[PDB]
Each structure stands twice: as C-alpha cells, then as structure tokens.
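For reference, the structure is listed below as structure tokens.
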Amino acid sequence: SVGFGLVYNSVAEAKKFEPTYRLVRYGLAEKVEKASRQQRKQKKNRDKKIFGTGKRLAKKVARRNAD
Amino acid sequence: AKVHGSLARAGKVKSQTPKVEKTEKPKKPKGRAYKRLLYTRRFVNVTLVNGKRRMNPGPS
Amino acid sequence: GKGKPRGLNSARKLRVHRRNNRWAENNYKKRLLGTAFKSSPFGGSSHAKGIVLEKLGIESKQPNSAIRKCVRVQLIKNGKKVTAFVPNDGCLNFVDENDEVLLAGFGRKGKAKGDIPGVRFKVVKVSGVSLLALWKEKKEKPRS
Amino acid sequence: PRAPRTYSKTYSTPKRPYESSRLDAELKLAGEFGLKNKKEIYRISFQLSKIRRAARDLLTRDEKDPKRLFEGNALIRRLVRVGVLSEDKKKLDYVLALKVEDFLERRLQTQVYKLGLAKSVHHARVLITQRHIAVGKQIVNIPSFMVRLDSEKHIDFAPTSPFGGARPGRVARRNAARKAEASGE
RNA sequence: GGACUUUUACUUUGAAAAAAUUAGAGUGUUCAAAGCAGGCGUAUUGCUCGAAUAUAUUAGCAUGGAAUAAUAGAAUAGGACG
RNA sequence: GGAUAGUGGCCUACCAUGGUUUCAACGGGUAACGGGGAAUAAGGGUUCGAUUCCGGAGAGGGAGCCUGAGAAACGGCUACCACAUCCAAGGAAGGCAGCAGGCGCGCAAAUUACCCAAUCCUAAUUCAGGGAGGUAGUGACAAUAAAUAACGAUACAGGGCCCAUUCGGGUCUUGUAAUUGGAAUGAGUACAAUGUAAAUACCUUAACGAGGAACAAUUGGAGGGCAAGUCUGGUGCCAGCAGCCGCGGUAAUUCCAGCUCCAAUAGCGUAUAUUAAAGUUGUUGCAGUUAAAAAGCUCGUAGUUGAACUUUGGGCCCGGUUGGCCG
Ligand SMILES: [Mg+2]
Ligand SMILES: [Mg+2]
Ligand SMILES: [Mg+2]
Ligand SMILES: [Mg+2]
Ligand SMILES: [Mg+2]
Ligand SMILES: [Mg+2]
Ligand SMILES: [Mg+2]
Ligand SMILES: [Mg+2]
Ligand SMILES: [Mg+2]
Ligand SMILES: [Mg+2]
Ligand SMILES: [Mg+2]
Ligand SMILES: [Mg+2]
Ligand SMILES: [Mg+2]
Ligand SMILES: [Mg+2]
Ligand SMILES: [Mg+2]
Ligand SMILES: [Mg+2]
Ligand SMILES: [Mg+2]
Ligand SMILES: [Mg+2]
Ligand SMILES: [Mg+2]
Ligand SMILES: [Mg+2]
Ligand SMILES: [Mg+2]
Ligand SMILES: [Mg+2]
Ligand SMILES: [Mg+2]
Ligand SMILES: [Mg+2]
Ligand SMILES: [Mg+2]
Ligand SMILES: [Mg+2]
Ligand SMILES: [Mg+2]
Ligand SMILES: [Mg+2]
Ligand SMILES: [Mg+2]
Ligand SMILES: [Mg+2]
Ligand SMILES: [Mg+2]
Ligand SMILES: [Mg+2]
Ligand SMILES: [Mg+2]
Ligand SMILES: [Mg+2]
Ligand SMILES: [Mg+2]
Ligand SMILES: [Mg+2]
Ligand SMILES: [Mg+2]
Ligand SMILES: [Mg+2]
Ligand SMILES: [Mg+2]
Ligand SMILES: [Mg+2]
Ligand SMILES: [Mg+2]
Ligand SMILES: [Mg+2]
Ligand SMILES: [Mg+2]
Ligand SMILES: [Mg+2]
Ligand SMILES: [Mg+2]
Ligand SMILES: [Mg+2]
Ligand SMILES: [Mg+2]
Ligand SMILES: [Mg+2]
Ligand SMILES: [Mg+2]
Ligand SMILES: [Mg+2]
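Residue numbers (the working numbering), protein chains in the order written: chain A, 1 to 67; chain B, 1001 to 1060; chain C, 2001 to 2144; chain D, 3001 to 3185.
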C-alpha cells in the first residue's frame, strides 16, 4: 500500500498547518457541528429581511397583537 | 382498392395451432466454453462427410 | 475534350455546374427543399405517436390475396391522418379504437412495403406497451 | 465544463457478414487460443491494421528520412519488445508482413499454457481470471495481458492461492473441516 | 544618407503561430479505454528522466528561384544614354 | 460644427451626384450562432458541429437608464406589450435560457440529496462566501477490460499403430457418454482497515458463498441475396411472412409451433438520418447515333481558352551529403 505522510517539527506546527479534518481524524480537534448547509443559507435569507437589531421589530410587532 | 374487408379471422392460425410446450434439455455452455464446443464439433473429431459436409441434417 | 471546361481559372463554372446538377439527385433535392419537414406525416422524426380512429382490412395487391389488418391513425403533433399496418398474427386484436399507438416507418424511405397498398408505416407500441411483448405475452396492456 | 475524458474503441467489424472461409478461420482461432468472442479476433486485427497502415505510410518516405527513422525504429523496437517481431526480421518490412497469430501467441492466456503450468488454453483462462499466477509478485488476471518477452521468465503461480503455497482455499478447508468434525470430535 | 524604381501569377523556405482534438515518442494504469506519470537508493532526513515531435493549407508577412503564364516599353519618336 | 473616451454620415447645416451589380449586386430561404472540431478510412471527397475550449448574442418581448473603472446589466431600476401572483378591493408584488424540482410539448433526456476536502474566484480578506466547482443519486449515451466454467477416473465406441495364422484390444489418445471423483473461484453476503469533508464504491481482506431446482444468456435467423433443415405437427391464396426476388389455394425448404442448426454475444433487433459501396454528381472520374440526354440554324456580349520567337552554349574555381575500397 502506497500513501503519503507528513511529520511536523512540533505539535503546534501540525495543529496550525493541518487541514482541520485530519486533526478531527486523529484526535487533536473536535468536529464543531453546525446546521445543514441550506439551513444556514435559509437563516441568512431570513436575516436579510430585517434591517437593524431586530428586537425593535418584536416590540413593534407586539403592538400588532392589540389592534 | 378494398379497404373494409372482414376482420374476424385476425389471429386465426396462431390461435389454432396446438400448444406444444418446450422440452427440458441439457444446459448449453455460455461464452468461451461454447466456442470450444463449436471447435471440437466442427473441426477436431469431425462428424460425417457424405459427399462433403452437413451441419443440421435430419434423417439422411 | 467533351463538355467540362478543363482550364485553370474556370473553377467558378465548374462549381456552379455541379450545384445545378445536384438538383437532379432525388435525395439532395429532398434534403434541400425540406420535404421532410414540409410533406411527410412524421415531422422528419423517426417515429410519431397518434390515436387509432378505425380498424381497416386492406386487401393486398396482386398476385397476392389477403386482408391486411391496419389502423387509421391521427398524429398527435399534426392531426394528420395515416393508415398503418399492425404486424404479426393477431395484434389487430390488441389495438382497439381511440388507443394510443407508436407508429414507425416501414424501412423503404417513404414508399409502401410489400403488397399492402399505400401503407408507409407500422405499429410498434399500443398503450405504451409495445406489440412484440404483447404478442409473445411478456407484457400485458395497461388497465385502460 | 471539464476536460473531455477521452476514449476510443479497440476493434473493427468485418465488411462481409457471412463468409464461410472467414468464419472457419476465425473459429479455429478461438478454439486454438481459447477466446470467447470473434471480438477478441477483431480487436487484434484492428491493432494489426493500424500498425500495417503506419508501416506503409513510413515505407513511402525516403530511406533515412528523419521521421521514417525515428518512428519506424520506435515501432520496430516496440514489436520486438513484446515478442511479435523476430530479431532476424527487424526492419519494418516484416511488420508490413506479420499476421494475427504472431500477436495471439504472446498473450498471458497462451503463455501460461505454453510453458506447461496449465496444459489447456482453457485451464489457462480459468487460472488467470481466478487470481492465480503473476509476473512479479504482481498478480494479473487479464487473459490478453501479452507477455512482454523479458517477463516470460517470471510467469509463475502467485504467492497466494494454492499452486504457489499460502493456503488450500475455502473448498478444501471445508473438506478438511468435514474430516476433523466427523472422524474425530 | 541622398536620388529612383513597370506590374503580377506560380513554387521554395521561414517567421507568426492556444489548449483539448488527430498523427505520434516515452512511461508496464496488473491488461485495456486512459492518465502524464514516473523511475532509483543509504527506502533516518535524496537521487533523478520527463511532461517530445508532426500536421497546422486559403489569406497576410518574410526569403530563395526565374522554367512555365500574363503584363508594361520606341513608330506623327513627345524615345535612350551625357 | 455638434456629439463621443475617441476615428467616421455617428448626427446636423450647406454643397455635390454619387455608391453596388452576371467576377451575381439587391432581394428571398435557412428546420443558420461562428470557429477549435465530428462522422465516413485508396485518394479526391461527402456529411455534420444546439453541446466540455475560444468569440458573439440573450435573459418573456421591446425601449429607456441609474450606479460605476467597467452594464444600455435584468438573480438593477423605469415605461409600455404579453403573462401572471397576493388582498381586508384600499393596494402590493413576480421574470429558472443559474441549481434542483413541476407543467406543457413531444420519438426524445436524471436528485426538490451532501460539501467547500480539491480545482479556482471574490471581499476589508490565511479565516467569510461560492447550486462556480467537487461528492453521491438517476443513468445498457458513447468507450474499456471480459464470468457464465476448469481437471482427472470409469462404462463401453472408435480412429491410430506393431502383429493378423484370425479371437483382438492395449498404449499413445480423439472424443459421444443418463452412475462418478475430488479440486478453483468472484457474483453476492460481510469483521476490519483502507477510502472520503462525511459518506458510498473500487483496490485489500477475517467469517460465508456452485453441482443442474443453478449463481440456469441473450437477440435475430435457418428458400435466395446470406452462415444454418427439405425434420415433425398445424393452417389450407385463410391467418400470416416477405427491405428485395418472392412464399401460403392439403405431402409450406419462407406462415404457426416443437426439434435441431447458424451468426453476433452482455448485448442483439427495429425506425429515421447520414457516410461508404457510388466512376448513380464524375476536378481526379460519368454519360448524351439507337438506352435518360446536342438548342432548327447562324451571329454574338459577359466567361473560359488562345501559334512560334528574345542568354543559349562553352571554360574555370569553391565548399557541402550520402555511397563505396580500404581504418
Ligand atoms: Mg453557508
Ligand atoms: Mg447581515
Ligand atoms: Mg429535370
Ligand atoms: Mg421517384
Ligand atoms: Mg379511411
Ligand atoms: Mg483471495
Ligand atoms: Mg510554408
Ligand atoms: Mg467622433
Ligand atoms: Mg441621384
Ligand atoms: Mg449610377
Ligand atoms: Mg448566381
Ligand atoms: Mg436559428
Ligand atoms: Mg452550421
Ligand atoms: Mg458550436
Ligand atoms: Mg436549434
Ligand atoms: Mg475581435
Ligand atoms: Mg422561458
Ligand atoms: Mg435589460
Ligand atoms: Mg447575470
Ligand atoms: Mg409585441
Ligand atoms: Mg381595508
Ligand atoms: Mg432549471
Ligand atoms: Mg434567474
Ligand atoms: Mg448559480
Ligand atoms: Mg434517452
Ligand atoms: Mg428533471
Ligand atoms: Mg474551496
Ligand atoms: Mg452543485
Ligand atoms: Mg454546478
Ligand atoms: Mg447506478
Ligand atoms: Mg448468468
Ligand atoms: Mg466459494
Ligand atoms: Mg452450479
Ligand atoms: Mg431462438
Ligand atoms: Mg447457405
Ligand atoms: Mg412484383
Ligand atoms: Mg411442414
Ligand atoms: Mg426465409
Ligand atoms: Mg420453422
Ligand atoms: Mg452488428
Ligand atoms: Mg470509390
Ligand atoms: Mg442517379
Ligand atoms: Mg486534378
Ligand atoms: Mg483514379
Ligand atoms: Mg451513368
Ligand atoms: Mg433518346
Ligand atoms: Mg443537332
Ligand atoms: Mg440562346
Ligand atoms: Mg504560348
Ligand atoms: Mg552556362
């Protein structure tokens, strides 16, 4: 079996030059898991329709519960 | 010419030929081995030579 | 040196003369006139699917004596009406009026086949299930 | 929008569909070398024809022409390298000669039989295709390998399978398991 | 640097010339269609071959040829040299 | 002169009468985007190119324009035209010839999946984003390699062969065999590790996994062209076959089947087109007395074509590249 190998001069140099899927692969980094791809996108697209902080629109919509 | 001829008899002969079902027979080899079979049948040990040669004769 | 101009600068005359006489070639003329697209029941396409109007019994030509079991079909892209043969013993049992059949050519560049007078097509499928499979009985016609 | 992964086909198909002579000769060729297709013959005659063609095109050039020398030689040293072209007749007019059998004789199919090791072109097929025999420690299982002359010396059964040590194989080990389970305990 | 020059066709060689395609060299993708790899050791601290060549025409450019084909010249000499 | 980033009838003012055309202008057709290219292999050709690269054009149809270095932009606006959505009837919103996915059309074409790991691209930027692009799914589009079996023994049968006065079998095997014999292997299934962004497959490989009831090859064909029956049963100018010539009306070599057989074989038939065959488009390379085809005749312009002749002959030098006889 023919492969390829890298050996770094330190372990900080490996952690800082290595693809983060190999650090995951070995045992040197967690796999910070996130939403689906189109999930994050949909969150962005939601978030484009709001201009400003957003809590101001909760309080302005809070006034819509009355009338 | 004629375009409105009878249509009842469509399918006649197939419908009145007697069903004979196939017969269960030795499995013939597939691929290279069949070619081998052809080679030894056509050339190696030969068959008849009644005048010349034949391949699918009945009674002769 | 009969006919053709032999000279070294008469390439114009030779080209044109060829152009003109290509037109006497029946298939160059067809291709250039667009007959395919203009006449012809298919679009120029290889096949065409239509609807069965009526079931015909065409009497064959001489010196043959048969009844040739066909179908008049109206093409879905044209509404053009076309009388098409139903090949193999039976099969006219398989069609029925208003059914949806896939007509193909007869393999004679236009032109009717054998003794079937003026039939330039043949049925390949009914109801999306192909004569051949039905005739042998590999398939069975759809519900309706 | 990616580079076209290019391809071509490897056989041609006879102009005359039903020629008894050509069908006889072709068949003998399949039963002599243990081929399964007329394609296995067509493919090789396709190679022969592209060779013969280049050979003719080169032969029409002037002798000592730079291309004729460069490409002609490469083709000749190539045909010698595998075992189709003899050392004696090593100057492209024999490559213009040549024939299909000279190509057929060089297959790993036919070689594994040729120095014993099989004693049937068909036993040769089944052996090769079944992962036995190799060149280096490199197993090959393609009947049309074509034995590269200087690897003729390395045609042996492979480190694995029977016939070359390592194991009998799950057939025989099942039978040895039937003896050890029935006769003893 | 100054002063002027009858016009062409043909052919030769050469420049300018994308890649993939075709033709084709090298390389054993296990074979093959392919791909442009790969091959050597001290296989514990590197060594190294490559990634060619061909076609690429008609037009334009650039050089050699002077056969074959045209073209212009001096006859109211308003001709040529000084 | 104005206008443009700038040349220009690009535009305006004045002035003139010019420009193109049988060497085919102008107009019409194109089921026309152009090229690199593709299919067909004596050559000359013929046909094709919506489509992986380059150039152009468009973003439902037109026009207009803002921003800007750059757009006459459409995943920008503005107006009209054609579509068309939501509503509380006041109004408001949409432009898949991006990715997938739907309807329609049809002979005719796949997942509303995963990822930025790679190739590269953009920004303020190593990091963020990318339906570019990559991964899998669908996928007999074309292309590659090539399992469906291999080997003994036995029962006669031989063909051999030495001998033959004559049983004959015995060695060297040719194989048709209705009992046999142990061998081999991935198709599949599946620890593991490899793979990968994560997966899935491949390449590896523990445990499994072939005897006919499989893990069981097909598609056409068997009168001719054209490779394979004059077998049996059926039908009886019917039903049907038949590219073509032709088969079928009672012993059908073409139909319907059974048997056997042929060809190609994980592929084979059909239809449409086209290329070859086609020297049936003929430049190479056709034909025109009677087979298709010299205009009733002569003039004649465009066009094509067009007799011979002008430094030929001799002399000298220079240096190359093959080949010989020697090295
Ligand atoms: Mg995101
Ligand atoms: Mg934001
Ligand atoms: Mg005419
Ligand atoms: Mg006609
Ligand atoms: Mg009618
Ligand atoms: Mg193994
Ligand atoms: Mg040149
Ligand atoms: Mg200007
Ligand atoms: Mg005027
Ligand atoms: Mg005028
Ligand atoms: Mg004209
Ligand atoms: Mg168009
Ligand atoms: Mg075109
Ligand atoms: Mg194009
Ligand atoms: Mg189109
Ligand atoms: Mg330009
Ligand atoms: Mg649209
Ligand atoms: Mg726009
Ligand atoms: Mg855009
Ligand atoms: Mg309009
Ligand atoms: Mg209201
Ligand atoms: Mg879409
Ligand atoms: Mg869009
Ligand atoms: Mg997009
Ligand atoms: Mg399809
Ligand atoms: Mg779809
Ligand atoms: Mg990326
Ligand atoms: Mg994507
Ligand atoms: Mg994409
Ligand atoms: Mg699949
Ligand atoms: Mg099978
Ligand atoms: Mg097994
Ligand atoms: Mg089995
Ligand atoms: Mg069959
Ligand atoms: Mg025959
Ligand atoms: Mg007739
Ligand atoms: Mg009969
Ligand atoms: Mg027949
Ligand atoms: Mg029959
Ligand atoms: Mg074929
Ligand atoms: Mg020819
Ligand atoms: Mg003709
Ligand atoms: Mg010529
Ligand atoms: Mg010739
Ligand atoms: Mg003729
Ligand atoms: Mg006449
Ligand atoms: Mg006359
Ligand atoms: Mg006249
Ligand atoms: Mg002359
Ligand atoms: Mg001289």
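Even for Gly, the Cβ is constructed at its ideal location relative to N, Cα and C.
Taking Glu3105 (chain D) as the centre and dropping the five residues before and after it, the same chain places no C-beta closer than 7 Å to its C-beta. By the 16-neighbour rule on beta-carbons within 10 angstroms, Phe2085 (chain C) is buried. Interface annotation, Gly1051 (chain B): not in contact with chain D, CB-CB separation never under 8 Å. Against chain B, a Cβ distance below 9 Å from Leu2056 (chain C) picks out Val1003, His1004, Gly1005 and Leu1007. The residue from D:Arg3125, D:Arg3170 and D:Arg3131 with its alpha-carbon nearest to that of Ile3139 (chain D) is D:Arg3131. Shown here, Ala62 (chain A) sits in a helix according to DSSP, grouped into three states. Assignment of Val2082 (chain C) by DSSP, reduced to helix, strand and coil, places it in the strand class.
Chain order gives the chain D residues near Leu1038 (chain B) as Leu3027, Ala3030 and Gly3031, where near means a beta carbon separation below 9 Å.
Per the coordinates, the alpha-carbon of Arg3173 (chain D) lies some 51 Å from the alpha-carbon of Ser36 (chain A).
Under the Cβ distance rule, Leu3117 (chain D) does not count among the residues neighbouring chain B, no pair being separated by less than 8 Å. DSSP links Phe2121 (chain C) through a beta bridge to C:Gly2105. For a Cβ distance threshold of 9 Å, residue set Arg1032, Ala1033 and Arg1036 of chain B lies close to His3122 (chain D), ordered along the chain. A residue is called buried when at least 16 other Cβ atoms come within 10 angstroms of its Cβ; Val7 (chain A) does not meet this threshold and is exposed. Counting along the chain, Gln2074 (chain C) sits inside the beta strand (DSSP E) bounded by residues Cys2070 to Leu2075. Taking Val3135 (chain D) as the centre and dropping the five residues before and after it, the same chain places the C-beta of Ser3151 and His3154 closer than 6 Å to its C-beta, in chain order.
The Cβ of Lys1022 (chain B) sits no closer than 8 Å to any Cβ of chain C. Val2073 (chain C) places its beta carbon less than 8 Å from that of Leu2053 (chain C). Judged by their CB atoms, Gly3072 (chain D) and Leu3085 (chain D) are not nearer to each other than the 8 Å cut-off. Taking the Cβ of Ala2024 (chain C) as the reference point, at least one heavy atom of ligand 3 falls within a distance shorter than 7 Å. Cβ-Cβ distances below 7 Å link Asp3102 (chain D) to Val3084 in the same chain, with the five nearest sequence neighbours on each side left out; the list follows chain order. The beta carbons of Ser3021 (chain D) and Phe3046 (chain D) sit about 20 Å from each other, so the pair does not count as a contact at 8 Å. About 6 Å separates the Cβ atoms of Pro2142 (chain C) and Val2129 (chain C), confirming a contact at the 8 Å cut-off.
DSSP lists D:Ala3134 as the bridge partner or partners of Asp3156 (chain D). A Cβ of chain B is located within less than 8 Å of the beta carbon of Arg3125 (chain D). Look at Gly2050 (chain C) here: in three-state DSSP terms it is strand. Contact annotation, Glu3026 (chain D) with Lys3038 (chain D): C-beta distance approximately 6 Å; criterion of less than 8 Å satisfied.
Contact between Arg1032 (chain B) and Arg3107 (chain D) does not hold, since the beta-carbon distance rounds to 13 Å and is not under 8 Å. At a C-beta separation below 7 Å, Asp2089 (chain C) has these neighbours in chain B: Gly1011, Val1013 and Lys1014.
No Cβ-Cβ contact shorter than 8 Å links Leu23 (chain A) with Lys34 (chain A). Identification of chain B residues near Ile2067 (chain C) by a Cβ-Cβ cut-off of 7 Å yields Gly1005 and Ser1006, ordered along the chain. For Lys3039 (chain D), no CB of chain B lies under 8 Å from its own CB, so it is not counted at the interface with that chain.
Residue pairing from DSSP places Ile2067 (chain C) in a beta bridge opposite C:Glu2059.
Among the residues facing chain B, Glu2059 (chain C) is included, as its CB has a counterpart in that chain under 8 Å away. At a beta-carbon threshold of 8 Å, the residues of chain B lying near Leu2092 (chain C) are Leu1007, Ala1010 and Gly1011, ordered along the chain. In this structure, the alpha-carbon of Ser2040 (chain C) lies about 40 Å from that of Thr3010 (chain D). Residue range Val3121 to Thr3129 is occupied by the alpha helix (DSSP H) that includes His3123 (chain D).
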